[PDB]
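Colleague: Would you mind keeping the following structure in view while I ask a few things?
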Amino acid sequence: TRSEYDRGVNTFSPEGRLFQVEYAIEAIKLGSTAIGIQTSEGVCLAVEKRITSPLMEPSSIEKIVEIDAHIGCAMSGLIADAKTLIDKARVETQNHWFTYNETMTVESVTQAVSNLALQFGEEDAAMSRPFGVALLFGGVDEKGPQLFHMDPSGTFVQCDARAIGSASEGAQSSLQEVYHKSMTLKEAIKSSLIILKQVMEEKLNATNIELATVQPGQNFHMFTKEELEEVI
Amino acid sequence: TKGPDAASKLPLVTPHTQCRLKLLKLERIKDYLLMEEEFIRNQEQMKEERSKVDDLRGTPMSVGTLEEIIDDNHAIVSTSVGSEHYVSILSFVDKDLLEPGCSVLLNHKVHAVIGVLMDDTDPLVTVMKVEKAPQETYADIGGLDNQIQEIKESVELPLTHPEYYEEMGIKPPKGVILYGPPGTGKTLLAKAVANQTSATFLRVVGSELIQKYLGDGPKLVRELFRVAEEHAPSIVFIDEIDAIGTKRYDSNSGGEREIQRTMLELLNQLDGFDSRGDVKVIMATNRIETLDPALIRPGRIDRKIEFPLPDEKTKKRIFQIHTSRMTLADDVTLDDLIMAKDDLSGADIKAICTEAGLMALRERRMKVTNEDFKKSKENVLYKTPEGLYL
Amino acid sequence: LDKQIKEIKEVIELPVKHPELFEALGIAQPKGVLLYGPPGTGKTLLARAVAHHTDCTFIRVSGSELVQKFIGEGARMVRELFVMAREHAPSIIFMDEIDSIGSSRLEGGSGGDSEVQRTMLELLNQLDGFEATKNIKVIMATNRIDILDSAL
Amino acid sequence: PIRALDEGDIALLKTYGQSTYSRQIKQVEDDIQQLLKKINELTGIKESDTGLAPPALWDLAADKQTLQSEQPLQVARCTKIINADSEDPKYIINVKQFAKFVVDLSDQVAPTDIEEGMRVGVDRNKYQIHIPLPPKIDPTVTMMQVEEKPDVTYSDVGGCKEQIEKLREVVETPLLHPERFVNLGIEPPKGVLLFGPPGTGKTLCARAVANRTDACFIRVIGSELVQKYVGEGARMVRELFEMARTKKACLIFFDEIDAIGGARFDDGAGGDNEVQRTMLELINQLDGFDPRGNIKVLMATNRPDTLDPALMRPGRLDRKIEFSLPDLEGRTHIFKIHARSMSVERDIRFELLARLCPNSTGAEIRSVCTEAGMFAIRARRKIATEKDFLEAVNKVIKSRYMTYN
Amino acid sequence: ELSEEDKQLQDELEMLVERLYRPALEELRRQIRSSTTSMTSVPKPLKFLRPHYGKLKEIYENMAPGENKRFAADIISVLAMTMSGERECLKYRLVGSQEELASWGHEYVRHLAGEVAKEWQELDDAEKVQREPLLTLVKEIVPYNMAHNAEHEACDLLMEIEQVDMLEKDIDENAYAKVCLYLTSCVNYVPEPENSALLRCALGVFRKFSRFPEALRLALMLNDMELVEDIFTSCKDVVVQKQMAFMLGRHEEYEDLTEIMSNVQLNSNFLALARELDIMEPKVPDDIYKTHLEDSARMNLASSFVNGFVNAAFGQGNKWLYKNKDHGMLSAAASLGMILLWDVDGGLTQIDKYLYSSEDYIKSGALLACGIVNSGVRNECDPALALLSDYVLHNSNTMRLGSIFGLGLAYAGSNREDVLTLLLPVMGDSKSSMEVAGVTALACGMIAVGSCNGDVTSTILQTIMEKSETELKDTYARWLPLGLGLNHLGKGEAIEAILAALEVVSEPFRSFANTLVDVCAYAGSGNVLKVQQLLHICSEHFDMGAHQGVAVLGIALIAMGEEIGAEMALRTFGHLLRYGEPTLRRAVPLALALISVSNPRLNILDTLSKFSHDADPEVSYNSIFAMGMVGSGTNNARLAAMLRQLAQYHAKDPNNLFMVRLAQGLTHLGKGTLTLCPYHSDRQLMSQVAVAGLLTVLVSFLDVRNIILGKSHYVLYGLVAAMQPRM
Ligand SMILES: Nc1ncnc2c1ncn2[C@@H]1O[C@H](COP(=O)(O)OP(=O)(O)OP(=O)(O)O)[C@@H](O)[C@H]1O
Ligand SMILES: Nc1ncnc2c1ncn2[C@@H]1O[C@H](COP(=O)(O)OP(=O)(O)OP(=O)(O)O)[C@@H](O)[C@H]1O
Ligand SMILES: Nc1ncnc2c1ncn2[C@@H]1O[C@H](COP(=O)(O)OP(=O)(O)OP(=O)(O)O)[C@@H](O)[C@H]1O
Ligand SMILES: [Mg+2]
Ligand SMILES: [Mg+2]
Ligand SMILES: [Mg+2]
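Protein chains in written order, with the deposited numbering: chain K, 4 to 128, 132 to 238; chain B, 40 to 86, 94 to 429, 434 to 440; chain C, 154 to 305; chain A, 21 to 419, 428 to 433; chain f, 44 to 62, 70 to 301, 312 to 354, 366 to 387, 395 to 621, 646 to 829.
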């Protein structure tokens, strides 16, 4: 049936579906899992790496990348698209700071990255397929710590705790069970690591996971090797 | 459910190289065989009421098909004319063997029940049955070690070790494809299974399930699988399944739909509504990309074995096998052919060996040489533009 | 065509006449020959000469003879032909224009020559397969082999 | 440059380079083969069964049989009692392929028990009626009725809750609680086309309902509906539906119906029109100018894309049910059931296994469990583990992703 | 063809034969360059001088010594070996001073070897003077063979018609793999005592190369204890002496040599290997069975038998023994002693405690327990010997019936004169009972183990000379022949005198005597004439039954070496039971079992199953016990499953159920740790140990209805005496 309705982003199906958009959403699944948490003390991000074998340095599988001094970004999906949208995010944050001399709120930043992900095939901009990447922007704006999830179809929303990636449906349940509002960042780190361990194949061991935290204080902190060992 | 039939195979004298040990062993075979023949001839040559009863039995007994037995001594039978009769039942039948669809025996004149013929298997399937033991044991299968291990797990081990699976509730695989290029051993790995398997082996050819009469194909298939289940814990080798296995399409002709019907009946047999006994299906094909997911499914075909063009070590071992029985010359290093990464099949190695022997014979010699192998390869091999890469 | 005559003679005559040479060498008996060439360079005159000079049952299968309308007929015909050959062994089976009865295995289901393809598959199995042949030689001829199927 | 052996060259071949004990070995091989042939000639024929009985149950002086026999009935089906002409009824009969005769009654005590269709008796030369017989039940029609309940239940069809709910509704609920449908005023649908990707539990659901159903079940063998003798298939369909109507409450389970009837266009399919004809009979039975009775049909077909819209239209198939490549929870459940019976440690992450098997049919989940068992056996361990399962997954599901981090 | 140059060469040959003599010799002999050609067949001058063969032969006939007549013989003989011209002309040529073969080819070498062979067969012991030149020939050829790796052909010449030592003595070194294994196979299949000839030939090869842990096992194949000590003598390395002592037991520094020979620590090794993959678990019969998956004294016996067969020698009784009812005999006491096999330490205590106990069924069992425990282990402080020699000397059954089999268990395979003097005078049993005499013969033979002991042979002969006409042909008197057979194993044709002496026995009996003596004689080696005799003696129809039975058992015993022979015998036995009388059918399962004990091949399993559900209960029992024997000590799969199906089929059949449960117990026997297989070493030894037990078991089961379902049961514990570990 979907032989003439799902081969183009601009041909509606009888249901009213953008099947290329759902296919990009599926391509999100393939990626390595990420788990972002937002609590009263900041925002945490814990992601799984999929190191195939040594001789591939740690600093090429970029799941966490720093967005301004007050946001971190966890990627799930195609790397080229991830680079493009992270670059859009950085240039937007810095342009907003340049023009308004203030730190872009995470709502604004994820809104604008979504605004880029919107223009699939509009003849006023230049892509032709949805940016097949689902991103988590976890930052600290004037409303306290916040965490905003973006899906490839340009939809972004606040999330007090969200997991993305291959381990999406298998970790949303755990997050649902464990999360509670009055949570401290230490609890957030431990809980995210526990859920990652639950839904990974290799044994979590400080060189198959990345961790970062953006706090109402010290900037985005990427946990270093010794800190990884301590937490683990 | 009569029980396994398998095949009768005489023992295999271990030596192959021409040896007085081989002569002695083979004369051992000879003497025991002569002894068996003696016992037979001697005992069966040297060494009433039922006779007259079977005389009363109609001499030219016909065959009908029973339908709706009635009463204790009056059963309905049919005839090969489309007619049917309310025939009588004699006292010679064991009874309880008479079931609808049973091919019964009848008297020429009286047309009574005078037999049950619980042995009627279609000729097109009994000819396909295997009773020879083809001498291709797992010794001439150069390399292919992983494939042989998988096929052994599929076919042998739930016969010679039915404890591993029962120890942990798992159930053995039921089907295995062997798929790959033209000449890899997909049929040798079936021949060797026939050799070492004490279970019945059933030839099958996809081009043999397509029958002229409409609807006859999806009855020949049922006959085949019913014979397999009834007659043995057996193995069914559908060679060249690409003869019927093509993907089901809408089609607009009669023949294509009939072939698809044969496919559907095969699938219903492999995993239908009811169940499958201890029949293990081994299928063969040159292209697996042109088959229906219905039969490539992992419920009817639980294992798939590629037969990739053998690698360098396997190719070496294959030259070893197919030259072992030849008078080699010391000036022959079986590595000139190995090193070259030219597509070489197992059949291609066999043909190279044969052709090399032939070139020697033309040179008036009976022992191969390096130049002879070179010429054999060159005149045997049958069959991306430069600079487009690198 | 002296070299071609010598090669065809080798493959067909030498085994049936003198199997002992092959046995002593230890090499599997050659089992089939196939002829290339433009239209008018032997490829059936050689078959005619071989038939005229052979002491074995010569048979012809040339043409589209294996392609008959009713399904489940070509495979039966090829099988019964090889039954005839095995019965009257030793024998040489000629097949002119094998590309007709057996060529590239193109996809089927909608617009593929599935029936002639099945005929070819049965021929494949009978030439070589489980319970192979003893002294039946098969000669094939084709004016252009390019499309002739790899399994054959 | 090429030479052919001739004259003494060919004898020197096979005489010169040779072992002195070579002709002897060849001769003994040849005569071993010939002795194999001779022994197979001496023996290799079995007396067969032939249905001969054991003793103490036979009969001697059975000549009473073979003195009174041959009754060629079953070809008698009275079709017109000729009005009976009051006295001298003068029955008529059809022996089918043979002929149509007009016949009398002989030795029959009650010359009324013929009922005008009662499958009467008949003699060979003179066809006088002798005894009547009960109706005809085709052997195939009676064998199609699944009598052995399959050994599956509605707790092993994993990963399909909605589909099982719908199937259970249509098949069971009207049968075992008719109050609700009548009370609420909805006539329960009768007809369900189970479709989906090849292998998801379709036949398994069919088996489960067969196991749980207290009603007639007919596993219509697809190939027992395409015979020779044009019209036989339609007759088979009619007989199946007649047997159904005879039964109180019926569940027919036409499977692999893609064989029985796709489109209706002929072009070159004129020779294969008998299957089309039996398919038309199936339609007219499923619904036409006749109440169908308590008959509910669960057709199955992996490809409901070449089926005839006449058969598909929801006057005959009411609850077309798709089976979906099970989601993560369903895959969890399938893995869990298939590993229930295995020797697997008490700490395997079956959630993880479900995640690792994307868009995998339950058939492939079964395969993965069994290949995990195979790997455990090959390693010669009495307990497989999550690592063994992962090896099985890599073996089955997939059979480089450097850009989907 | 005849290329121009080829025809020129042919014309040169024509001129040479048509044409004084020195150039002719020179060029004609140099034309054998064609044969010497390293790369060629079809030597052209051979077959080019085909029409001239008669001319050359007649010229040689009308030739006299001189310049010619010397090198023309070479050409004459090569043209000969091509066609005609036998060893008369061959050796005339060789006397022509050309034996080197260097100027000739490997083809001529092999043809010469064959020609020498065929003249040797054509000749007899007369004209032996010609042999000596031919012996020098063979001596000249063999080095050429060891040069050009024709080791098979050299060994062919050696084995040819006779035995030869010079070559395999002078067969160099470090290249003996062929002369070792290939001649081992030839040995395995030889038909004559020139078997033993090749045996000590290979032994001499090993000795010359100073590496003989293969002549180690060859010693047993050589029925020469003197050769056993001869091999034991050198033993220059204590390290290999240890392994030799262990092998001898399984089949300088004097402190431990005798200890290892007697196997005082084999129990320790067995227990250590049990700890390795521990299975130590006192069990319950149902688990060996699966009755949950579906108190007669018969069930007691079945449970005891299965439990003992499974937990044998694991050191784990009166409480469960007490359930006795007539046939509730010493079976279970023997079962406890067996579960305590080879555990003399606690064996003494337990057996004493359970011997100071109730009536015969508790003391005879204790004595059998002592003996069966002592089986396989010896010590200077003889155990149980005092009890056996002092207790139970009165004339009666039960007591001595068990005690003598216990003594046989204690000291089988020893040929010890002390126990021989204990048992031979006590063999006098016309005073005692018939079964007692039978068991006395059993123990005497089981100790003789083919010793050819004249004294024990005389005892058996005099016992059988003591003849009661009605007693002989009733039952339970065949163990005199059994003991005679055990006293005489595989000695070859050295049985004719015994056969002539026995030929005085009555006609209806002594068929068993002759057949069992003959089979206990030559066997395992494989003699086609002998198996012909066995098959024919089966084949005479009798319108006796046990005579064909012993013949069948003999076919089994003889066809126990060559696996090729074993398979052909499987075929023959299928034919036998198919076209066979009920006695023959009953006997066939025993033969199948002997062919494949504890080696459960699907073919034998299938055939026995197909013959199981038979109208004759005796046939059924034989088939189900054959199943047990094929599955013994393997835990094999699907044997238990099909066997439980058989039991459920024979649900209410008492005897069938008992025997099938015994078959299941055999199936789980030793939990795999013990196997009944003979041929312990290289699967190539008619092991004097456990062959006596197996043969006794099979002879007894030749008639199961009378003895097994009678008043005796020690057959099973004889089979246990045959048992041996698989670790
Ligand atoms: N591993 C192997 N060792 C030796 N011979 C091999 C091997 N594999 C293939 N062959 C050759 O394969 C030939 C038989 O054909 P083979 O089984 O390879 O055909 P296929 O293409 O796999 O199957 P099919 O016969 O169905 O077309 C035999 O001559 C044998 O020489
Ligand atoms: N080398 C040749 N020597 C003799 N005659 C030849 C030769 N080549 C072709 N011919 C002639 O060709 C005819 C033989 O037909 P040919 O064998 O070429 O046909 P074919 O094998 O059936 O070919 P195709 O498939 O192209 O029809 C005869 O006229 C024969 O004289
Ligand atoms: N969702 C599922 N729940 C439970 N078992 C399943 C499921 N999917 C597949 N299976 C397994 O697959 C097998 C059942 O396959 P089934 O016969 O139902 O397939 P099908 O979809 O009808 O296939 P076909 O296309 O051949 O008709 C059983 O092993 C069952 O365990
Ligand atoms: Mg093949
Ligand atoms: Mg032509
Ligand atoms: Mg199905």
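Backbone N, C-alpha and C define an ideal beta-carbon position, used for all residues, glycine too.
#1: Return yes when the Cβ of f:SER85 is within less than 8 Å of the Cβ of f:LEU96, no when it is not.
#2: Using the beta carbon as the reference atom, which residues fall closer than 5 Å to any heavy atom of ligand 4, ordered along the chain?
#3: Quick one: measure Cβ to Cβ for K:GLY144 and K:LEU217, integer angstroms, because I've assumed they're closer than 8 Å.
#4: Please classify f:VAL179 as buried or exposed, where buried requires at least 16 other C-beta atoms within 10 Å of its C-beta.
#5: If distances are taken between C-alpha atoms only, which option among f:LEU253, f:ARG261, f:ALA462 and f:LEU485 comes closest to f:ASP274?
#6: A:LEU55 touches chain B at which residues, Cβ-Cβ below 8 Å?
#7: Leaving out five residues on either side along the sequence, give the residues of the same chain with a beta carbon under 6 Å from the beta carbon of A:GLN53.
#8: Can you name the residues that DSSP bridges to A:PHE215?
#9: What does the alpha-carbon distance come out to for the pair f:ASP338 and f:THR775?
#10: Give the residues of chain A in contact with B:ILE216, contact being defined as C-beta atoms less than 7 Å apart.
#11: Measure the alpha-carbon distance for f:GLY164 versus f:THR132 and round it to whole angstroms.
#12: Does chain K have any CB closer than 8 Å to the CB of A:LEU213?
#13: For chain C, find out if any of its Cβ atoms is closer than 8 Å to the Cβ of A:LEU271; answer yes or no.
#14: Using a Cβ-Cβ distance cut-off of 8 Å, determine whether f:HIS161 contacts chain A.
#15: The alpha helix (DSSP H) with B:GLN84 in it runs from where to where?
#16: Determine whether the beta carbon atoms of K:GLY34 and A:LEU348 lie at a separation below 8 Å.
#17: Under 8 Å, Cβ to Cβ, is there at least one residue of chain A near B:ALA375?
#18: Determine whether the Cβ of K:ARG53 lies closer than 8 Å to any Cβ atom of chain A.
#19: Below 7 Å on C-beta distance, what does B:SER321 contact in chain f?
#20: Is it right to say A:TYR429 is buried, meaning 16 or more other beta carbons lie within 10 angstroms of its own, or is it exposed?
#21: At a CB distance below 8 Å, what residues from the stretch 363-377 of chain A approach chain K? Give them in sequence order.
#22: Identify the contact partners of K:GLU207 in chain A, using a Cβ-Cβ distance below 8 Å as the criterion.
#23: Against chain A, with Cβ distances strictly below 8 Å, would C:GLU275 count as a contact?
#24: Since C:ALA177 is in the alpha helix (DSSP H), which residue starts that stretch and which ends it?
Modeller: Reading it off the structure:
#1: Locating residue 96 of chain f in the fifth sequence gives position 46, where the first residue counts as 1. Locating residue 85 of chain f in the fifth sequence gives position 35, where the first residue counts as 1. Contact: yes.
#2: Cβ atoms closer than 5 Å to ligand 4 belong to B:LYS232 and B:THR233.
#3: Within the first sequence, numbered from 1, the residue matching residue 144 of chain K stands at position 138. Within the first sequence, numbered from 1, the residue matching residue 217 of chain K stands at position 211. Going by Cβ atoms, the distance from K:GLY144 to K:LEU217 rounds to 12 Å, so no, they are not a contact pair.
#4: Stepping through the fifth sequence from its first residue, residue 179 of chain f is reached at position 129. Exposed, since its Cβ has fewer than 16 Cβ neighbours within 10 Å.
#5: In the fifth sequence, residue 274 of chain f corresponds to position 224, counting from 1. If we check each option's Cα against that of f:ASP274, f:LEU253 comes out closest.
#6: For the purposes of this step, residue 55 of chain A is taken as the residue at position 35 of the fourth sequence. Correct list: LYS69, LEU72, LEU73 and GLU76.
#7: As a working note, residue 53 of chain A is residue 33 in the fourth sequence. Cβ neighbours of A:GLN53 beyond the five flanking positions: none.
#8: Residue mapping note: residue 215 of chain A aligns to position 195 of the fourth sequence, counting from 1. Answer is A:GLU342.
#9: For this step, residue 338 of chain f is matched to residue 278 along the fifth sequence. For this step, residue 775 of chain f is matched to residue 673 along the fifth sequence. Their Cα atoms are separated by approximately 11 Å.
#10: Residue 216 of chain B sits at position 170 when you count from the first residue of the second sequence. Ordered by position in chain A, the residues that pass the 7 Å Cβ test against B:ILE216 are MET362, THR390 and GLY393.
#11: Looking up residue 164 of chain f in the fifth sequence gives position 114. Looking up residue 132 of chain f in the fifth sequence gives position 82. Approximately 13 Å between the Cα atoms of the pair.
#12: The residue you call residue 213 of chain A lines up with position 193 of the fourth sequence. Not closer than 8 Å to any Cβ of chain K, the Cβ of A:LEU213 fails to qualify, so no.
#13: Counting from 1 along the fourth sequence, the entry for residue 271 of chain A is found at position 251. Not closer than 8 Å to any Cβ of chain C, the Cβ of A:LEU271 fails to qualify, so no.
#14: For the purposes of this step, residue 161 of chain f is taken as residue 111 along the fifth sequence, with counting starting at 1. Taking Cβ atoms only, chain A reaches closer than 8 Å to f:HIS161, which makes this a yes.
#15: Position 45 of the second sequence, counted from the first residue, corresponds to residue 84 of chain B. Per DSSP, B:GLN84 belongs to no alpha helix (DSSP H) and is neither H nor E.
#16: Looking up residue 34 of chain K in the first sequence gives position 31. Looking up residue 348 of chain A in the fourth sequence gives position 328. Against a cut-off of 8 Å, the Cβ pair of A:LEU348 and K:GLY34 comes out as no contact.
#17: The residue you call residue 375 of chain B lines up with position 329 of the second sequence. So, not an interface residue.
#18: Translated into the one-based positions of the first sequence, residue 53 of chain K becomes position 50. At least one chain A Cβ lies under 8 Å of K:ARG53.
#19: In the second sequence, the residue the question calls residue 321 of chain B occupies position 275. Here the premise fails: no neighbours, minimum Cβ distance about 18 Å.
#20: For the purposes of this step, residue 429 of chain A is taken as residue 401 along the fourth sequence, with counting starting at 1. The residue in question, A:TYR429, is exposed, as its Cβ has fewer than 16 Cβ neighbours within 10 Å.
#21: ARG369, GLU371, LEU372, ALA374, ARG375 and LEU376
#22: In the first sequence, residue 207 of chain K corresponds to position 201, counting from 1. Chain A residues near K:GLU207: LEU372, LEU376 and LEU410.
#23: For the purposes of this step, residue 275 of chain C is taken as the residue at position 122 of the third sequence. For C:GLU275, the answer is no, since every Cβ of chain A falls outside 8 Å of its Cβ.
#24: Walking along the third sequence from the start, residue 177 of chain C turns up at place 24. Annotation for C:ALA177: the continuous alpha helix (DSSP H) segment containing it runs 172-178.
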